[PDB]
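Visitor:
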Amino acid sequence: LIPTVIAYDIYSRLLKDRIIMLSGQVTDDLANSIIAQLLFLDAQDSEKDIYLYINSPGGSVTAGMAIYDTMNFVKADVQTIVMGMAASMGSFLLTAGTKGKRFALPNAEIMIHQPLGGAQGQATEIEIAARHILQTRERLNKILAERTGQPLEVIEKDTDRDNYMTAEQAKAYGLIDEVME
Amino acid sequence: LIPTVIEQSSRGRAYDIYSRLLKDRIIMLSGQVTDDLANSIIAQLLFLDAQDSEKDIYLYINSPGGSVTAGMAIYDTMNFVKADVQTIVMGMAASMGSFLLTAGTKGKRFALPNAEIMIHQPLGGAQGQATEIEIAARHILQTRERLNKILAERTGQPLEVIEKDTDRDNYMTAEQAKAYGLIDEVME
Amino acid sequence: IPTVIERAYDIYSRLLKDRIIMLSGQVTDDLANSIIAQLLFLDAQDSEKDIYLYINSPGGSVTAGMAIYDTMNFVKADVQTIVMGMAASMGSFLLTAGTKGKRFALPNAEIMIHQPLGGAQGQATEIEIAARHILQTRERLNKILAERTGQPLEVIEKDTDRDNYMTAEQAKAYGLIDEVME
Amino acid sequence: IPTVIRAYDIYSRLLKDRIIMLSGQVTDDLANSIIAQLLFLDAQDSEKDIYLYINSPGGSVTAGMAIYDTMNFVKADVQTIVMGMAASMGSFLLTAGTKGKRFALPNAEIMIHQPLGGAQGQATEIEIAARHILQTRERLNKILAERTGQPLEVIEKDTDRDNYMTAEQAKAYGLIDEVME
Amino acid sequence: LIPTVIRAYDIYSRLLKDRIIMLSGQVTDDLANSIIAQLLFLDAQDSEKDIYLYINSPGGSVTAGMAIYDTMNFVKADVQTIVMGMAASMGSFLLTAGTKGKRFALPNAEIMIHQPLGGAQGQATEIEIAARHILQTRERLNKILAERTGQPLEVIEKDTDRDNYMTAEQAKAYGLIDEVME
Amino acid sequence: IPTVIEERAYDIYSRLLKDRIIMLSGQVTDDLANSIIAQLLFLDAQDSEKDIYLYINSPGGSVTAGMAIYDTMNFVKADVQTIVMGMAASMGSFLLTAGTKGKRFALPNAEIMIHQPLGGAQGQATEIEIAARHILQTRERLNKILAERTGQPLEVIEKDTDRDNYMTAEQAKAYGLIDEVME
Amino acid sequence: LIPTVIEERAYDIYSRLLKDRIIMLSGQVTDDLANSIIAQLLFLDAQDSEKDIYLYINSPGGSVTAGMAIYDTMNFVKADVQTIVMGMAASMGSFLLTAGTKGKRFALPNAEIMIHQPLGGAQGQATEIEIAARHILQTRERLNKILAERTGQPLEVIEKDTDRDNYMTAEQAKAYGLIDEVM
Amino acid sequence: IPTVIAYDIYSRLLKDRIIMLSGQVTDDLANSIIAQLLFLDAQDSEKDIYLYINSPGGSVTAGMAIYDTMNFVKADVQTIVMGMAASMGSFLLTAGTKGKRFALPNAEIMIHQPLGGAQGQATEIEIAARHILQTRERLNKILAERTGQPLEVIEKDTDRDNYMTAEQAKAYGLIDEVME
Amino acid sequence: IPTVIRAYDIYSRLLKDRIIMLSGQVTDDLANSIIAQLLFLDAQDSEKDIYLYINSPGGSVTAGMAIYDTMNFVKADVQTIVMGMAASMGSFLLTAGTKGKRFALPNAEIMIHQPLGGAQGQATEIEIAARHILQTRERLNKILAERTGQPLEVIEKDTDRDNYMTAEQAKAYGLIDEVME
Ligand SMILES: CCCC/C=C/C(=O)N[C@@H](Cc1cc(F)cc(F)c1)C(=O)N[C@H]1COC(=O)[C@@H]2C[C@@H](C)CN2C(=O)C(C)NC(=O)[C@@H]2CCCCN2C(=O)[C@@H]2CCCN2C1=O
Ligand SMILES: CCCC/C=C/C(=O)N[C@@H](Cc1cc(F)cc(F)c1)C(=O)N[C@H]1COC(=O)[C@@H]2C[C@@H](C)CN2C(=O)C(C)NC(=O)[C@@H]2CCCCN2C(=O)[C@@H]2CCCN2C1=O
Ligand SMILES: CCCC/C=C/C(=O)N[C@@H](Cc1cc(F)cc(F)c1)C(=O)N[C@H]1COC(=O)[C@@H]2C[C@@H](C)CN2C(=O)C(C)NC(=O)[C@@H]2CCCCN2C(=O)[C@@H]2CCCN2C1=O
Ligand SMILES: CCCC/C=C/C(=O)N[C@@H](Cc1cc(F)cc(F)c1)C(=O)N[C@H]1COC(=O)[C@@H]2C[C@@H](C)CN2C(=O)[C@@H](C)NC(=O)[C@@H]2CCCCN2C(=O)[C@@H]2CCCN2C1=O
Ligand SMILES: CCCC/C=C/C(=O)N[C@@H](Cc1cc(F)cc(F)c1)C(=O)N[C@H]1COC(=O)[C@@H]2C[C@@H](C)CN2C(=O)[C@@H](C)NC(=O)[C@@H]2CCCCN2C(=O)[C@@H]2CCCN2C1=O
Ligand SMILES: CCCC/C=C/C(=O)N[C@@H](Cc1cc(F)cc(F)c1)C(=O)N[C@H]1COC(=O)[C@@H]2C[C@@H](C)CN2C(=O)[C@@H](C)NC(=O)[C@@H]2CCCCN2C(=O)[C@@H]2CCCN2C1=O
Ligand SMILES: CCCC/C=C/C(=O)N[C@@H](Cc1cc(F)cc(F)c1)C(=O)N[C@H]1COC(=O)[C@H]2C[C@@H](C)CN2C(=O)[C@@H](C)NC(=O)[C@@H]2CCCCN2C(=O)[C@@H]2CCCN2C1=O
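Protein chains in written order, with the authors' numbering: chain T, 3 to 8, 17 to 191; chain I, 3 to 14, 16 to 191; chain B, 4 to 8, 15 to 191; chain A, 4 to 8, 16 to 191; chain G, 3 to 8, 16 to 191; chain F, 4 to 9, 15 to 191; chain K, 3 to 9, 15 to 190; chain L, 4 to 8, 17 to 191; chain M, 4 to 8, 16 to 191.
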């Protein structure tokens, strides 16, 4: 499945030029790999930018926040380019790229919505899970407000249901800085 | 299952066959278009344009289609790189496969003589509350409209013709696809 | 299912002799057919005496419900509705369709209103057709609710956007029912 | 299924008054019951009407055509009332009621579309199946044209995809004669 | 599911009092047993009055069908056959087995004729036995079709090679039935 | 299952049993065997001078259930006529040919099949040897009975039951399984 | 499962055969297999278009479009492609066998060759089924024309002969025109 | 799979012209065996090839592919059964070069008729029946040649599963020697 | 599976010192590996012994016989040590080691019993399969008789049901020569 060039596998070759591929569902396993790569790249050289290409429908909130926190932590600027899709945690990591350096390819789809979950058990247990997810929504929304410049109450209205945006629409909304042609 | 080839070289080389073809700027797009496939193709397109933007890239396609967004990722990458991207369909290019075929640089889109090409409308699914279904319907109709506009540009056909011709599964011969504008030449 | 006694009825049939219909569980085509048959039979037998429709239902098929709704309005007899336990979705719709002044809830009944649920699969065109259909279904039901409750249509839309659980007292205040019976 | 006092089950009591219930999916089993009932009622008295109440999403084309052919066979007029839903073969049977005696309750849903099927195997086998279903579409559409007064080419455009109609829309179109309030 | 009519008969039993037999759905051993019992009972009761066999069937077991076929020919009474909806495979075979001059189709009936279907697994010898058996079955059924229709045997072989759908009128023309009844 | 009126109301099979007809249809199981046996016994008690009619449409089934029916047919004082309609295979054909001689019939298009017993064994070598001895004894017993019922010599019955052997009604009359084909 | 051979260089056995211009087409024809065969065909022609390519076939068939991709590639490359069937070449396997350069299509003496019509399925609305039927009939017609050209048989003979599964001996296939010699 | 000093053990045996045929005969196994036979003949047609067989059989056509390849190569192909050679396994055993077909003393050899299945219309079943009968006839003729037995004996003896001892198989003509 | 330093995997290192590990179920695949190893080691040097460590619950009769026949074929003496368990074909291969050189670790379990099998179908087919498995039992029992010095009829009585032995019991019986402490 994965070609080699002269000897690196193609993804490792891209990493030599400070490119990280974030593809598919955001899981603990993917997060661990992205994080290792971000750390390695910042140790090697904190003056040169990192490029994070994103094509993801989302996934684990916590796995995403681990990547998010690691992006903010490294000294180097992290540029983000969405290609294809950035939905849910994918769009959250897109908008976390260093401001001025968050891009979408012209036909990318960006989607924002509320966190999804489940709770089962006694009334008390369901209340604890409800509190937890609502706190998670509130924390992510505050971050979105800061990343976009939109006020908090606008982010709440706009994430109530699945909200699909064009690359241009996302630029207008504040999620990205430029559409690259 | 995947054979390897050796190169008698003065610096000291064993490639798997697909990697040997990539040395000569050929990319194989085979099977269903998924996020994993898209990622590989995109990496390969980027790597080849970095290495040399003056020399063409050759994208061989045999695919029944797949993810619209994965496809659009590849489409946008083809247009991004400085190098011309030639496209050859062998066997089948259906749905997103045919869309990528016709996205090759104009004048350099080919079909092997017995290739099947098919175009249709996007497929999807939605479940839930009326409002959730309305959102999904809007989204897929916007996706149809965007892909149709690009097809109009890529083929020269007017938009309203593209709409009538993608309403149902539309199979074409390599010759029919040349006539229609999807490709430039049938190669013997 | 117990029997009572010289004629011998099953208990539900004995209640039907006194003009009581039990609507229990999911609203399906089979249940609708039975309810409708019972409504018709009771009206033929005597249109001057009221019919009592007891409801404990989480909902079900919109069209099966509408069949029952239309039948309730068709028969000359007044149809009183009492909710016991639950009336959700098409259940609450049928509750509020009872003759005005004769729609009741037992004190600890749960009433719920929301939007129709569905699914669509296939080509963009097919999805559009299904979307139009379910939105038209939402609109037609919401207009009927507006009439039944006295609430304006736009209030009904905001209030059915998500699952909206109500107390018997809250439902009386909202106009779904007329009285809470102790 | 409740009983009423001779002691009848409720559906059998309605049959004494010449009402037949067609509910749920049109299968061979359902068709056989409806057909038996239709035949019985016509034998018993051909001067008095039969009332066919329909709530059905459709089903077998051939099982439907068995009912259709029987409705036309019996001397007695067959009135049809849709309550809830008449889709596909359900709507076809609705419109087959005697003209002037086809009704809908006010909130009935009526749907018309083209026949559905499948075929598997050799090219020859697929061709035979394709010819068969196309001939079935053509026959049904001709009958619909007659039943509605619409011209054949209108019926073809209008059954191309799922076509949902209001009771009022169906009266306008010719499927039914009256909406009963 | 099955209504009753007033002595109190279930609807199928009431039709049997007037010498009508309903053959509906798949032809199985169970169905064959019922049809056969009914045919025998009716002939014992009165051999001078006709029997009416309504058919709506996609076919089924060859041997179950042959049991019904042999019984139809055995009884002294004429057996009229009417197809309504579908008579495919063994269904169409039993349709055409009705007494000549009294085999009917309703106008929109579908009739289908084809070859027998089967399977065999095992040693070469076992597969040869099974092949010989189903070919002999085909040949015996085709001979009887030839006789019932007036078509020569080699025409019946060409025409049953693949699924062959016929209109009521086409089936009249071919000899399978005598009249289309309006 | 339809019902018929005489005012007495029988289910159709029970009406046939009033006239001494027993239906053996489908697979021969312990449950079916129990019903057939009860009916045979009842009919003989009621009157041993009048014949019993056993209609058979069966692909076979349990050897021991079949043998229960066979033994009961021979036990009862009344003659048991057998008519095959459709199919009589394996134990079905064995019961067909067990009818009283001179009164075994086939409808003209009936299929009759004879073969060897089928079985299975799993476990230790000793356990499989036990099972093999048992099924071979079963084959030998049934073949002896078939030889007597048909008039064929044992060695012919062995060659002819080695594999599935389908017969026409006429072929089964020629072979000795039945007495007449009834038109 | 797959042994290796030494020459200071170590090849897996299939790769060693590819060094001598032999391609193995084994098992079902899928998009994955087609992609591998095609890569190999192109690589070998680039490396030297004057020396022949040897395509060994043991396949029951598979995807029509995957097969056509291999077919079109065989015709594209400058080098002659010899084809040898060993064991089986059925459906798309026999199509590829007969696509080898004329004069250089072989069968091992006990090879089985089978030709038939394309297989498929269609589900949905009448319109959708008509589209699918048209497509598969066009596919049959295209393949049959090619077979006519490759064998010398007239088109109407190819249509009668592919109506049902048609198994041929190596000698029968030589007689029919699908191959040139039995080796 | 252990290594020796660096070959994997099967590859080390192939350096000495030994091919292992183990387990079910499938298209994948046949492909590997065939590649190995071809490679060994190209490398040297004067030195023998040794095919060790432990197999319950499998695909008739896969087997015939191997059979035809054994006869094609110029080198003599010796066959040794160890454990089992049933159905196509026994057919390949007896295809080794005459005088060089062996069994280890406790080997089981079994011959029978081909197995198959058909489903569908009477015509389709007839086609399948003709095909499997032709396959039986072809394999039986080859067995007759390979063993020296007359065709009619091969037909009676393959009617049902027929298990043979290494000594019984030598007496019958399937192999030449039992090796101790 | 660890490696040790040339760099061998641990099993390959043991094979350099003429040790073969027979572990788990005896299958065609396992047999093929063992056989290849036995052959390789005899070609390399027929004067030095081979050591076959056994921990196996048994498996395929024919696979086991393949290993048995190979052990007898090779010029080199094959020592056998059971560790843990040698049941069914495992114990058969244990006792096939060169006499005087068959060992058990003190707490090894040895088990002998009869062959297991199955047959389905016609009486004739079952008789064939019964004859075959009885001939297999007789052939194995004869070899056990020779290997242990017990008479055949004792072997038959003693393999009739599962027969578990201690290392000491197995020495007494003749299956092995020594218990090694
Ligand atoms: C226990 C035995 C009687 C069971 C009751 C059936 C009944 O009331 N059907 C409703 C129609 C209906 C069906 C449905 F499924 C749901 C629904 F909401 C309404 C009905 O028509 N009631 C009539 C009396 O019945 C009839 O006239 C007849 C005879 C009866 C055996 C069944 N007719 C009907 O189905 C039809 C077709 N009704 C009519 O023809 C008349 C004429 C104009 C159309 C409507 N009709 C009426 O409304 C009559 C006139 C006076 C009031 N008026 C009923 O109550
Ligand atoms: C509604 C009434 C129907 C009940 C009839 C049952 C019946 O006919 N049983 C068979 C035995 C039998 C059972 C079976 F499961 C299978 C089978 F092939 C045969 C029977 O024995 N019939 C006798 C007359 O009936 C009896 O003597 C009684 C009384 C009855 C209530 C049931 N006896 C029996 O079960 C037994 C054990 N029969 C006997 O004990 C007598 C005495 C000597 C031993 C056997 N018997 C007979 O054979 C009698 C004398 C000669 C003929 N002879 C019957 O027909
Ligand atoms: C291990 C490395 C070898 C890779 C081999 C690639 C190759 O041979 N492609 C085929 C086209 C093809 C693709 C496919 F997917 C299936 C198939 F059957 C055929 C090809 O066109 N070969 C050319 C010569 O090679 C090329 O010109 C190049 C350069 C190379 C890096 C890959 N070019 C191509 O892919 C294409 C598209 N070929 C061309 O662009 C030329 C120019 C005009 C359009 C078509 N071309 C040809 O037909 C050339 C000219 C004469 C014949 N003519 C080849 O044989
Ligand atoms: C062996 C190494 C192979 C790596 C090649 C990567 C490459 O070409 N990325 C595309 C961006 C892209 C990403 C993607 F995921 C999909 C896609 F279609 C396109 C790219 O930007 N190419 C640049 C040249 O490279 C860059 O400037 C860098 C450095 C490189 C290690 C990766 N940069 C980027 O990812 C970004 C963000 N590009 C830029 O920073 C510049 C500055 C302004 C924004 C966009 N840029 C360009 O377009 C540059 C300027 C001129 C054209 N222009 C490229 O071709
Ligand atoms: C409501 C009660 C129904 C009772 C009738 C059943 C019946 O009609 N059986 C068919 C035979 C038959 C069985 C079957 F499973 C399928 C089938 F197509 C046909 C029958 O034989 N009818 C006879 C009259 O009935 C009988 O003679 C008797 C007595 C009765 C209790 C049942 N007999 C039979 O089963 C048999 C074996 N028939 C005969 O014994 C006579 C004598 C020679 C053989 C054939 N027989 C006749 O054909 C008789 C003589 C005159 C015409 N002739 C019937 O109609
Ligand atoms: C790592 C490389 C070493 C590979 C070793 C293989 C080996 O030892 N095979 C056994 C045969 C055998 C196969 C099997 F699958 C199971 C089994 F128990 C035994 C073998 O034959 N050993 C011979 C020496 O080897 C050979 O002569 C050759 C050449 C070698 C590459 C493989 N020959 C064989 O397979 C055959 C067929 N053996 C012979 O031809 C000779 C001639 C008469 C028949 C048996 N032969 C021998 O026994 C030779 C003669 C002296 C003793 N004598 C071995 O030890
Ligand atoms: C080629 C090797 C690549 C390894 C890259 C490691 C790295 O970048 N660690 C992050 C911490 C971190 C961990 C994590 F799991 C996620 C995440 F987002 C961030 C880091 O803090 N780097 C330091 C550099 O100095 C270190 O101590 C590094 C060296 C490395 C071998 C491991 N240290 C650490 O684990 C941590 C935890 N660093 C510290 O604890 C220091 C001491 C006080 C607390 C915070 N620290 C720093 O902030 C140091 C000093 C100033 C900035 N400051 C780094 O960048």
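Even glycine gets a Cβ: it sits at the ideal position worked out from N, Cα and C.
By Cβ distance below 8 Å, which residues in the same chain neighbour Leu51 (chain B) in space, the five residues on each side in sequence not counted?
Guide: Here the question's residue 51 (chain B) lines up with position 42 in the third sequence. The residues are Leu25, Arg28, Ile30, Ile60, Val84, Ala86.
Visitor: Classify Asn42 (chain L) as buried or exposed, calling it buried when 16 or more other Cβ atoms lie within 10 Å of its own Cβ.
Guide: Looking up residue 42 (chain L) in the eighth sequence gives position 31. Counting C-beta atoms within 10 angstroms of its own C-beta, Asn42 (chain L) has 16 or more neighbours from the protein chains shown and is therefore classed as buried.
Visitor: Specify the secondary structure class of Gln54 (chain G) as computed by DSSP and reduced to three states.
Guide: On the fifth sequence, position 45 is the one that residue 54 (chain G) refers to. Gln54 (chain G) falls in the helix class under three-state DSSP.
Visitor: What does the alpha-carbon distance come out to for the pair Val71 (chain L) and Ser66 (chain A)?
Guide: For the purposes of this step, residue 71 (chain L) is taken as the residue at position 60 of the eighth sequence. For the purposes of this step, residue 66 (chain A) is taken as the residue at position 56 of the fourth sequence. Per the coordinates, the alpha-carbon of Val71 (chain L) lies some 54 Å from the alpha-carbon of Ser66 (chain A).
Visitor: Can you look up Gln160 (chain G) in the DSSP assignment and give me helix, strand or coil?
Guide: As a first step, residue 160 (chain G) is located in the fifth sequence; it is residue number 151 there, counting from the start. Residue state, collapsed to three classes: coil.
Visitor: DSSP state of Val92 (chain B), grouped into three classes?
Guide: Counting from 1 along the third sequence, the entry for residue 92 (chain B) is found at position 83. Strand at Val92 (chain B).
Visitor: How about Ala41 (chain T): is its Cβ closer than 7 Å to a heavy atom in ligand 6?
Guide: For the purposes of this step, residue 41 (chain T) is identified with residue 31 of the first sequence, where counting begins at 1. No, Cβ of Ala41 (chain T) sits at least 7 Å from all heavy atoms of ligand 6.
Visitor: Would the region 167–175 of chain F and the region 104–123 of chain F be scored as touching if the rule is three or more Cβ pairs under 8 Å?
Guide: Yes, since at least three Cβ pairs between the region 167–175 of chain F and the region 104–123 of chain F fall closer than 8 Å, the two stretches touch.
Visitor: If you measure between the beta carbons of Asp19 (chain B) and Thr6 (chain A), is that distance less than 8 Å?
Guide: In the third sequence, the residue the question calls residue 19 (chain B) occupies position 10. In the fourth sequence, the residue the question calls residue 6 (chain A) occupies position 3. Closer than 8 Å, so yes.
Visitor: Using only alpha-carbon positions, find the residue among L:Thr134, L:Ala133, L:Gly128 that is nearest to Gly131 (chain G).
Guide: Taking the first residue of the fifth sequence as position 1, residue 131 (chain G) is located at position 122. Closest by alpha carbon: L:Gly128.
Visitor: Using a Cβ distance threshold of 8 Å, determine whether the region 134–141 of chain F contacts the region 135–146 of chain M, with at least three qualifying pairs required.
Guide: The region 134–141 of chain F makes contact with the region 135–146 of chain M, as at least three CB pairs between them are under 8 Å.
Visitor: For a contact defined as C-beta to C-beta under 9 Å, what are the partners of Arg16 (chain A) on chain G?
Guide: Within the fourth sequence, the letter at position 6 stands for residue 16 (chain A). Simply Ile8, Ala17.
Visitor: When the Cβ atoms of the region 180–190 of chain B are set against those of the region 99–114 of chain B, are three or more pairs found closer than 8 Å?
Guide: yes
Visitor: Restricting to runs no shorter than 3 residues, where is the beta strand (DSSP E) found entirely within the region 116–175 of chain G?
Guide: DSSP runs (the beta strand (DSSP E)) wholly in the region 116–175 of chain G: 119–122, 126–132, 173–175.
Visitor: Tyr78 (chain B): beta carbon under 7 Å from a heavy atom of ligand 1?
Guide: Here the question's residue 78 (chain B) lines up with position 69 in the third sequence. No.
Visitor: So, does the CB of residue 15 (chain I) fall closer than 8 Å to a CB anywhere in chain T?
Guide: Between 14 and 16 the numbering of chain I has a gap, and residue 15 (chain I) falls inside it, with no coordinates.
Visitor: Hey, could you find the ends of the beta strand (DSSP E) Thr6 (chain F) is sitting in?
Guide: Residue numbering aside, residue 6 (chain F) sits at position 3 when the sixth sequence is read from its first letter. From DSSP, the beta strand (DSSP E) with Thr6 (chain F) extends over 6–8.
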